[PDB]
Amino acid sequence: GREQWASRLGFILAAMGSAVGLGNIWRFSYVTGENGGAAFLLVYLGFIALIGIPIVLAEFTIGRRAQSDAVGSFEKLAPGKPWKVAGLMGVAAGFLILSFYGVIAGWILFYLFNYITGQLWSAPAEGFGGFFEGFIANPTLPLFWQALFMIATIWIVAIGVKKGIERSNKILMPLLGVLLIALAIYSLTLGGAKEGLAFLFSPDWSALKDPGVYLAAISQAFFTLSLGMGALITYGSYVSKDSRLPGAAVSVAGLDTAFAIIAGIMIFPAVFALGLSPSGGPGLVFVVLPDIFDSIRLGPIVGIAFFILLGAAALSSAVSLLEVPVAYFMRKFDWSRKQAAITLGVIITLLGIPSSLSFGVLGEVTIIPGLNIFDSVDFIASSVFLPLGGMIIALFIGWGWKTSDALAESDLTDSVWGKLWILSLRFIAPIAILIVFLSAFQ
C-alpha cells in the first residue's frame, strides 16, 4: 500500500516546497557573486528554461508513471536496463547534499536563536562578519543546531507523506516571498543599487570565456530545481493521473526563479552598500543580511521573521532530500518509514559533521584538489551527480521511450510544445550538459 497525496494541491505545493529553499537565497547569492553576476545569471536563466523545465517534467512523468522510488522507477519502467544508475546516483546525491544542507540550515537556527534571545539586535563588537566566523569555526556549536534541524527533518519524514510532508503550512512560502520583496525594495534605497543592479543585470561577457561559469550555472540550475536526483521522481510517484504535470513543471521553475532573482535584488545592492566584495563566499548572506537588519529600526523582528520563514523553506527542502533515500530503503530493505527516516537521518547527520568542521579545524583539509570538505562534497554532488543524473533522466525519455508514451504520460500532445519538449530531452539538454562537462574538465 503505497502513499498518495491526500489533497489535490498537495503535489504542486510539495514540489514547490522542495524547490524553494536555501539554494535560492544562500546558494544563489554566493555562486552568482563569485561567478561575476549578470553573465552567469543569463546562462543560469537559459539553463533553467531549456534544460531545467524539460527535465523537471521528465522527473514528474517518470515518477507518476512508475509509482515507485528514484531507483525503482527505472527498474519498473526499464527492467534489466542501465538507466537505474541515475536513481542510484540520485540516492547518493541525497546523502551528500542533505549532509551539508543541514549544516547551513543549522546556521539559520543559530541566528534565529540569537534574534529571539535579543543578541544580534545591535552589532557585536567584532562586527557581523567576525560574529559569523567565530560561530562556524566553533567545533561543537554548529553541530548542536545541525542535529536540531535534522531531528525536525527526520520527524516529518517519519510521520509520512499524508500527515507529514503534505501538511506543510501553505502560508509560510508566500510569506517568505512577501518578505523578500519588501527587503529587496529596502536594499535598493541604501546607496549601492546602481552598482548592485549593474553587477546583477549588466553582463560582462569576459566571464563567459571560462568553462567554470557554465558548470557553476548548470549546477545552480539543477540544485535550485531539486533536479537530477529523483526527488521530483519521488514526489511525482505519490500523485495520481488527476494532475497536469506540464503546468506543474512550469510553475515550480517559474516560482523558484522568482525567489532567486528577488533574492539577488535584495543581496547585491546591500553588498555594494556595505562596500563588501561580491565573492565573499558561503557565508555571504549571513554577513550581509544581519547588517541590513541592523540599519532598520524594527530590524530585530525582521530578522526573527526572516530566519523563521527561511528555515521553514529549508525544512521542506531537506524533507524532500531525506525522502529520496528513505523511499529507497523502504522498498529495498523492507524497512519501516520510521526506521529508515531515523537511521538514514542520523547517518546523514554524521556525514555532515566533517562539512561543518571544514569551516574551522578542518579548513586546511582538502579532498578534491584545492577544495575543502564542504566544497568537495558540494562539488561532486551539485556539479557531477546532479547534472549527470539529469542527463541520463533526459536520455531515458528521449531515447528509451516511444514518443507517443512520453507525450501521453506527460499530458502533452504532438503539438509544438510536445515536439519542443521531446527535442530538448533528446538533444538540447543532454548535449548542453555534455558540452559543459567536456569544456570544464579539460
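Definition used throughout: the rigid core is the maximal C-alpha set that superposes within 1.5 Å between two forms. All residue numbers are counted from 1 along the displayed sequence.
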Outlying stretch relative to shown form, 176-184 versus 222-230 in 5 other deposited structures of this protein, C-alpha RMS (core): 222-230
Rigid core superposition result in 5 other deposited structures of this protein, more deviant of 239-247, 106-114 by Cα: 239-247
Between the two ranges 179-187 and 123-131, the one averaging a larger CA B factor in the entry: 123-131
Mean C-alpha temperature factor, higher of 224-232 and 311-319: 224-232
Residue selected from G280, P142, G94, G360 by maximal Cα B factor: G280
Residue with highest C-alpha B-factor in the PDB entry, from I136, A105, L112, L208: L208
Ranked C-alpha temperature factor of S336 among modelled chain residues, by third: middle
Within-chain third of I267 by Cα B-factor, per the entry: middle
CA B-factor placement of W399, once the chain's modelled residues are sorted into thirds: highest
Among modelled residues of the same chain, the CA temperature factor third for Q146: lowest
Record-listed C-alpha B factor of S73: chain third: middle
